Amino acid sequence: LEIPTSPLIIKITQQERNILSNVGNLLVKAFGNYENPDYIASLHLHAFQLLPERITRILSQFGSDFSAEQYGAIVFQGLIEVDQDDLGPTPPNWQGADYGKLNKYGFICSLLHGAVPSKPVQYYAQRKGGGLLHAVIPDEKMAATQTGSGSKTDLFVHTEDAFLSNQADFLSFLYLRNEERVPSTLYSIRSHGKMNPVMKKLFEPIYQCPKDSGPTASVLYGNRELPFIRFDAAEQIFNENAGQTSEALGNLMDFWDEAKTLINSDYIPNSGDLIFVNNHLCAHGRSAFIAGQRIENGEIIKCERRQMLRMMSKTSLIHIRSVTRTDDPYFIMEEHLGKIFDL
Ligand SMILES: N[C@@H](CCCC[NH3+])C(=O)O
Ligand SMILES: N[C@@H](CCCC[NH3+])C(=O)O
Ligand SMILES: [Fe+3]
């Protein structure tokens with residue numbers, strides 16, 4: 001067995017970039033925006049017929065691959081060319097993001113999910129939905145917070161929405177700018193190799209999964225030999241109010257001791273790179289940084305602040321139907337491990 005220790009790196013070609021750009025422009029003209037219900041209803045058809053064939057091939061293989069060799073993450077290097085002057089300055093927070101300008105990017109991202117095949121969704125748990133595409137921008141007000149609006153966060157990893165029974169199946173992180181040169185940290189449950197006694201204890205449904213007395217869940221699930229994972233190191237372990245039992249905390253600490261040595265922080269994304277993640281296999285994180293600066297040869301180089309676009313998707317609308325809005329089967333109303341928001 002070749003135990004995966006790093007994600008698959010795909011170097012996007014100029015011809016592929018040009019196709020994505022032209023297709024993105026055509027979809028903007030045809031449908032106005034990526035949230036158009038006519039576009040969403042025919043998403044897979046546009047994904048398989050408009051994407052560069054190599055991307056379609058990679059994503060289709062990835063969607064059904066839960067084998068021992070699968071890391072659960074793909075880095076698409078140079079997926080898009082970002083014109084930095086046209087993008088202009090990074091807004092102070094995510095509320096300031098111009099969606100007229102990210103519209104083409106939303107089409108491209110939604111086609112990638114569509115080729116898995118997977119359906120872009122939104123969660124009331126994250127920004128009261130906030131649309132299919134989220135701008136992730138470091139806010140000075142929330143500088144050292146354990147969120148996406150954060151800047152100084154270090155050594156931790158998490159799968160997205162570990163507190164939800166219906167968390168995303170697939171995630172995409174499109175980097176518009178990373179002038180601070182912050183590494184993108186990834187962690188795969190497949191990096192452990194063969195099922196061992198430390199991992200086996202995580203199948204027990206005894207762990208707290210606190211929201212971004214509570215119900216418990218298993219950290220490991222799915223296949224017994226090649227499992228899926230729901231994990232949040234900061235929220236389940238290093239949170240004083242996590243409320244874990246001594247048995248559960250001990251199991252998580254033993255797991256974290258093994259897991260932390262397998263974290264991969266080698267990849268530093270460039271503008272236009274997209275990281276595509278199987279949220280059931282691979283956890284993600286970000287190293288500490290001061291937004292709007294980098295240090296080179298003992299000197300501070302001022303720069304525009306970090307800017308990333310996030311899209312989440314589910315492979316089945318049927319199995320999430322008891323937690324979605326009556327008039328919107330793509331809008332998840334789940335609050336915490338089965339419990340729905342009481343509005
Ligand atoms: N910026 C995002 C990040 C949340 C997910 C990562 N903890 C938000 O405010 O919803
Ligand atoms: N969502 C992160 C950045 C993405 C890193 C994922 N490897 C943030 O706090 O901005
Ligand atoms: Fe996250």
Side-chain angles (χ1 to χ4, degrees), residues 6-7 9 71-76 90-97 102 109 121-164 167-188 209-212 229-236 238-239 263-271 273-292 304-313 332 335:
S6 71
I9 313 295
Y71 192 81
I74 307 166
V75 176
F76 293 101
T90 304
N93 53 46
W94 62 264
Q95 288 99 328
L102 315 175
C109 295
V121 297
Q122 67 184 124
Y123 292 83
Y124 197 80
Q126 302 229 52
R127 303 171 183 193
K128 299 169 188 169
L132 302 179
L133 187 75
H134 285 187
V136 182
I137 289 157
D139 180 18
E140 186 63 279
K141 200 182 75 263
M142 293 162 84
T145 63
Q146 198 71 19
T147 56
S149 307
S151 331
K152 294 161 190 186
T153 297
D154 49 332
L155 75 104
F156 304 124
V157 291
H158 71 278
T159 55
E160 201 80 347
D161 295 313
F163 56 93
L164 301 181
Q167 79 281 29
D169 292 341
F170 295 93
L171 309 174
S172 59
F173 302 115
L174 179 60
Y175 298 89
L176 297 183
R177 62 169 66 121
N178 186 28
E179 289 167 37
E180 300 94 333
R181 299 180 188 180
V182 188
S184 262
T185 83
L186 297 166
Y187 158 72
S188 179
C209 303
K211 256 167 60 82
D212 251 340
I229 185 165
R230 73 167 65 254
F231 179 68
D232 198 317
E235 291 315 291
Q236 304 180 100
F238 302 102
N239 175 14
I263 294 164
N264 190 319
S265 307
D266 299 340
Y267 203 73
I268 303 172
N270 294 125
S271 182
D273 293 347
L274 185 147
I275 300 168
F276 203 89
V277 182
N278 181 329
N279 196 47
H280 290 93
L281 294 177
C282 185
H284 65 278
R286 148 188 71 63
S287 300
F289 76 105
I290 311 114
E304 280 298 334
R305 293 170 9 262
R306 201 156 167 271
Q307 205 166 342
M308 185 268 283
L309 306 183
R310 181 192 57 213
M311 185 176 285
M312 304 180 283
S313 68
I332 299 153
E335 182 170 13

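The first residue in the sequence is number 1, and the count goes up from there. Computed over heavy atoms, backbone and side chain alike; hydrogens, waters and symmetry mates excluded. Indexing begins at 1, ligand by ligand and atom by atom, following the structure's order.
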Student: I need the single residue from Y267, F173, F276, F231 that forms a ring-ring contact (aromatic ring centres under 6.0 Å, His included) with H284. Which is it?
Tutor: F173
Student: Collect the protein residues that have a non-hydrogen atom under 4.0 Å from ligand 2 and hand them over in chain and number order.
Tutor: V136, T147, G148, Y175, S184, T185, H284, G285, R286, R306, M308
Student: Return the set of residues passing side-chain hydrogen bond (donor to acceptor under 3.5 Å, both in side chains) with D169 (not counting sequence neighbours), or none when no residue passes.
Tutor: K314, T315
Student: Against heavy atoms of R127, which atoms of ligand 1 measure under 4.0 Å?
Tutor: 1 (N), 2 (C), 8 (C), 9 (O), 10 (O)
Student: Compare all side-chain heavy atoms of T185 with those of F156 and state whether any distance is below 4.5 angstrom.
Tutor: no
Student: What is the distance from atom CZ of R181 to atom CD1 of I268, rounded to the nearest 0.5 Å?
Tutor: 8.0 Å
Student: What atoms of ligand 1 come closer than 4.0 angstrom to any heavy atom of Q126?
Tutor: 4 (C), 5 (C), 10 (O)
Student: Can you name the one residue among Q307, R306, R305 that meets side chain to side chain donor-acceptor pair (under 3.5 Å) with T90?
Tutor: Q307
Student: Compare all side-chain heavy atoms of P210 with those of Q236 and state whether any distance is below 4.5 angstrom.
Tutor: yes
Student: I'd like to verify the contacts: list protein N, O or S atoms under a distance of 2.8 Å from the Fe ion (ligand 3).
Tutor: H158 NE2, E160 OE1, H284 NE2
Student: Can you run down the salt bridge (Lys or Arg N to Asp or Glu O under 4.0 Å) pairs that involve residues 170-179, sequence neighbours left out, and say none if there aren't any?
Tutor: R177-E179
Student: Applying side-chain contact (heavy atoms from CB on, under 4.5 Å) between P269 and each of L274, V182, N178, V75, report the one that passes.
Tutor: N178
Student: Just by distance, with hydrogens left out, do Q167 and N279 show a side-chain donor and acceptor under 3.5 Å apart?
Tutor: no
Student: Evaluate whether atom CD of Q95 has more than 12 neighbouring non-hydrogen atoms of other residues, nucleotides or ligands under 6.0 angstrom away.
Tutor: yes
